[PDB]
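**Q** This is the structure I have questions about; it appears just below.
Protein chains in written order, with PDB author numbering: chain B, 891 to 1066; chain A, 891 to 1065.
Below you can see the structure in the form of structure tokens.
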């Protein structure tokens, strides 16, 4: 049926949940975050595949990395204009972390893709390749979630009342 | 540190829950429905306020009424372009109530607006004004709900693709 890596789906789902709180209009970070969440959800469906899903998996990691780059790039620009010393520090912390994680996600997605449908690989080896990928994916989803929040706080103080600003408008929260 | 009108929020939420199932693209009824739900949600907060929220409440009601008028207008156009007699009757029946409800909402929210802050008004009078406004809000949200549903049904048997008719595409559920 529909076998799919629950830890990976869980993490995508939570990154999606954090981002869906904001309108994407006037906020490219929010849009890139929503894009990531969706790609990660697809990747949770790819981990369980045959030799045909190898290139699909490598590509998925790549597109995720492209989105991560955009989040990083925009967060730096938001930080450059942040007046707040502590917020700016926190923002800058993740714009350092995300690129490292995204590079590793690419490596790990590739190592996993070369193992898909291959019967000549150890059951432990493959399982570890998954765990390493899942762990990394979780770190990525976390860093991005944290970036969304620091950048929202950084829009409270802005420098020169001029230049660059992300639009932080909620989409109305209903109780469940 | 802030209250809301839970019955009004509930009514707003369940109109929203029905509308969110579809794409606003090629469907102005869905767009107006989504607009209403959001305004009705804001109104639930505005009911619990001081003299500063008076004009904000009157404005909201005016905006809800404007969206109601658009829903009715489009529903009536959908009904003319329909061939099934009973579905056309159900839709015209449902949507014809909306303008009178919206008008009663403009009346009752004005009543409530003038009572906000005001310490010279009875506690029973102010409670009843809310109950009247809440009840009306619910009838309005339900009618719009019913209209959206009946408009979707009326899109099935149309006029040999003859006039302009609405796009009923289910928004892909995020998963």
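Quick reminder that beta carbons are idealized off the backbone N, C-alpha and C, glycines included.
(1) Using the C-alpha atoms, what's the distance from residue 955 of chain B back to residue 1015 of chain B?
(2) Counting only Cβ pairs nearer than 8 Å, list the residues of chain B close to residue 929 of chain A.
(3) Does the separation of the CB atoms of residue 931 of chain B and residue 899 of chain B fall below 9 Å?
(4) Have a look at residue 1055 of chain A and residue 968 of chain A and give me their C-alpha separation to the nearest angstrom.
(5) Mind checking who residue 1060 of chain B pairs with in its DSSP beta bridge?
(6) Is it buried or exposed for residue 925 of chain B, if we count other Cβ within 10 angstroms and need 16 for buried?
(7) With which residues is residue 1048 of chain A paired in a DSSP beta bridge?
(8) Does any residue of chain A have a CB that is nearer than 9 Å to the CB of residue 912 of chain B?
(9) Please compile the residues from chain A whose C-beta is within a distance smaller than 9 Å of the C-beta of residue 1064 of chain B.
(10) Among residues of its own chain, excluding the 5 on either side of residue 941 of chain B, which ones have a beta-carbon nearer than 8 Å to its beta-carbon?
(11) For the candidate residues B:1046, B:1023 and B:1058, whose alpha-carbon lies nearest to that of residue 948 of chain B?
(12) Would residue 997 of chain B and residue 1040 of chain B be called neighbours here (beta carbons separated by less than 9 Å)?
(13) Residues in the same chain with beta-carbon distance under 7 Å from residue 901 of chain A, minus the five sequence neighbours each way, listed in chain order, please.
(14) Under three-state DSSP, which class holds residue 893 of chain B?
(15) Could you name the residues of the same chain whose beta carbon sits closer than 8 Å to that of residue 921 of chain A, not counting the 5 residues immediately before and after it, in chain order?
(16) Determine the direct distance from the alpha carbon of residue 1062 of chain A to that of residue 934 of chain B, and round the result to whole angstroms.
(17) Go through its chain and collect everything with a Cβ distance to residue 909 of chain B's Cβ below 7 Å, but skip five positions before and after it.
(18) Contact defined as beta carbons within less than 8 Å: I believe residue 971 of chain B pairs with residue 903 of chain B. What is the distance between those atoms, to the nearest angstrom?
(19) On the premise that residue 981 of chain A lies in contact with residue 1044 of chain A, defined as a C-beta separation below 8 Å, what is that separation, rounded to the nearest angstrom?
(20) Find the nearest neighbour of residue 836 of chain A within the set A:917, A:974, A:1025 and A:999, judged by alpha-carbon distance.
(21) Using DSSP with H/G/I as helix, E/B as strand and the rest coil, what is residue 1034 of chain B?
(22) Please report the distance separating the alpha-carbon of residue 944 of chain A from that of residue 907 of chain B.
(23) Could you tell me whether the Cβ atoms of residue 1069 of chain B and residue 959 of chain B are closer together than 9 Å?
(24) For residue 893 of chain A, which residues of its own chain have a beta-carbon under 6 Å away from its beta-carbon, when the five flanking residues on both sides are left out?
(25) Could you name the residues of the same chain whose beta carbon sits closer than 6 Å to that of residue 953 of chain B, not counting the 5 residues immediately before and after it, in chain order?
(26) CB-CB under 7 Å to residue 1003 of chain A, same chain, minus the five flanking residues each way: which ones, in chain order?
(27) Would you call the CB atoms of residue 988 of chain A and residue 1034 of chain A closer than 9 Å?
(28) Express the C-alpha separation of residue 1025 of chain B and residue 1011 of chain B in angstroms, rounding to a whole number.
(29) Tell me whether residue 1020 of chain B sits in a helix, a strand or coil according to DSSP, three-state version.
(30) Specify, as a first and last residue, the run of the alpha helix (DSSP H) that residue 919 of chain B falls within.
**A** Short version:
(1) If you take the alpha carbons of residue 1015 of chain B and residue 955 of chain B, they lie about 25 Å apart.
(2) What residue 929 of chain A touches in chain B: nothing, since even the nearest Cβ is about 10 Å away.
(3) By the CB criterion at 9 Å, residue 931 of chain B and residue 899 of chain B fall inside the cutoff.
(4) One C-alpha to the other measures close to 7 Å.
(5) Partner(s): B:912.
(6) Burial call: buried.
(7) For residue 1048 of chain A, which the question treats as bridged, DSSP gives the partners A:972.
(8) By this cut-off, residue 912 of chain B is not an interface position.
(9) When 9 Å is used as the limit between beta carbons, residue 1064 of chain B is near these residues of chain A: 899, 902, 903, 906, 907 and 931, in chain order.
(10) So the list reads 1006, 1007 and 1008, once near-sequence residues are dropped.
(11) For residue 948 of chain B, the nearest C-alpha among the options comes from B:1023.
(12) It is not a contact, given that the beta carbons lie outside the stated cut-off.
(13) Hits under 7 Å: 930, 1027, 1028 and 1031.
(14) In the three-state reduction of the DSSP assignment, residue 893 of chain B falls in the coil class, being assigned neither a helical nor a strand state.
(15) Sequence-distant Cβ neighbours of residue 921 of chain A in its own chain, meaning closer than 8 Å and more than five residues away, are 914.
(16) Cα to Cα, residue 934 of chain B sits roughly 18 Å from residue 1062 of chain A.
(17) Residues of the same chain with a CB within less than 7 Å of the CB of residue 909 of chain B, apart from the 5 flanking positions on each side, are 920, 923, 924, 927 and 1038 in chain order.
(18) The beta carbons of residue 971 of chain B and residue 903 of chain B sit about 32 Å from each other, so the pair does not count as a contact at 8 Å.
(19) That pair is a contact at about 5 Å.
(20) Lying outside 891 to 1065, the shown extent of chain A, residue 836 of chain A is not represented and no answer is given.
(21) Looking at residue 1034 of chain B - three-state DSSP - the assignment turns out to be helix.
(22) Straight-line Cα distance between these residues: approximately 34 Å.
(23) Lying before the first or after the last residue shown, residue 1069 of chain B is absent from chain B, which here runs from 891 to 1066.
(24) The answer, listed in chain order, is 938.
(25) If the five residues before and after residue 953 of chain B are omitted, its C-beta is found closer than 6 Å to the C-beta atoms of 929, all from its own chain and listed in chain order.
(26) Beyond the five residues adjoining it in sequence on each side, residue 1003 of chain A comes within less than 7 Å, by CB distance, of 944, 947 and 948 in the same chain, given in chain order.
(27) Contact flag set, yes.
(28) Roughly 21 Å between the two C-alpha positions.
(29) DSSP places residue 1020 of chain B in helix when its eight states are reduced to three.
(30) Residue 919 of chain B: member of the alpha helix (DSSP H) spanning 918-936, first to last residue.
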